[PDB]
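Take a look at this one chain, the form deposited in one PDB entry, written out in structure tokens.
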């Protein structure tokens, strides 16, 4: 069973077309390149935990999650949340440089699919709050399934 390790890269990226819940939490399973995305009104430790609870239910529990040093990922609260689940976590190497690259690339693809799909429906600025959920779901389906 010499298959890829069950390792995720998670990050937040802001997206004004999804306001008021413009902070998008994106997780890339580096074993499969699957992407999981959720929306949030504020970047807090808890928004990070809610994001991962959903990712877990969708991709299964990982062995480890790799994030940057944003404070929502390094607070005591998230440390304990992750210890509870049995998930290892690392912020990488001080002044990483690279190694968060799949997630940084995923954030950019994700934001361009949102924009091309939004504009396809006639929304050139903020998308109406009522259309957001389905539109986010649609972008995620597009980036995972072929």
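Only residues modelled in both forms are compared. So that the term is clear: the rigid core is the largest set of C-alpha atoms that superpose within 1.5 Å between two forms. Residue numbers count along the first chain shown, from 1.
The next section is about a form of this same protein that is not shown, the form deposited in another entry.
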Establish whether a shift of 2 Å or more occurs at the C-alpha of residue 60 between the shown form and the other one, with the two forms superposed on the rigid core.
no
Under a superposition restricted to the rigid core, does residue 32 display a Cα displacement of 2 angstroms or more between the shown form and the other one?
no
Could you check, with the core superposed, whether the Cα atom of residue 92 shifts 2 Å or more between the shown form and the other one?
yes
Hey, quick one: aligning on the core, which runs of at least three residues have all their CA atoms off by 2 angstroms or more between the shown form and the other one?
92 to 99
